[PDB]
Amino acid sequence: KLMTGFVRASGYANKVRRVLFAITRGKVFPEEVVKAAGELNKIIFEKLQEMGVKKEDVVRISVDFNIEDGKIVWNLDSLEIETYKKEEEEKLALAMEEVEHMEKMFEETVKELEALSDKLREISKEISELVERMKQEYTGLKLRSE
């Protein structure tokens, strides 16, 4: 079962995808997760529209699904969307907006991290290239190209 727990509606789609990545880990290729989540979020968003849900509102989303041949097959029947109007849940709404905000800031950190890892991957590749080149030019060592 996929469960978001409480989430501000504005950020329901990201939360769905995040949970989906975590629970299908190793069981499915990322592209499938992205594809499966995109579909569900399309459906969810239509229902949120029909339900008069604002982005300030808080929702909980649940849905059973199955993995068949490495493919996520949703059971749309099992989809539940609990809604919580901001005006009826002032504090919950406030807390979820706070969560959403903490997350936007954390993403700046992740992007900083990603940039570093990218640089790192590049440098690592260069080092591996240079090293192999030295093997070729300055030694009789067994080569990768052998």
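Residue numbers here begin at 1 and follow the sequence given.
The PDB entry reports B-factors from which the mean C-alpha value can be compared for 107 to 115 and 50 to 58; the larger average falls on 50 to 58. Higher average CA B factor: 65 to 73, of the stretches 96 to 104 and 65 to 73.
Annotation for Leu120: C-alpha temperature factor in the lowest third relative to the rest of the modelled chain, per the entry. Among the modelled residues of its chain, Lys35 has a C-alpha B-factor that falls in the lowest third, as given in the PDB entry. When the CA B factors of the chain's modelled residues are split into thirds, the value for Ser145 lands in the highest one. Among the modelled residues of its chain, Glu90 has a C-alpha B-factor that falls in the highest third, as given in the PDB entry.
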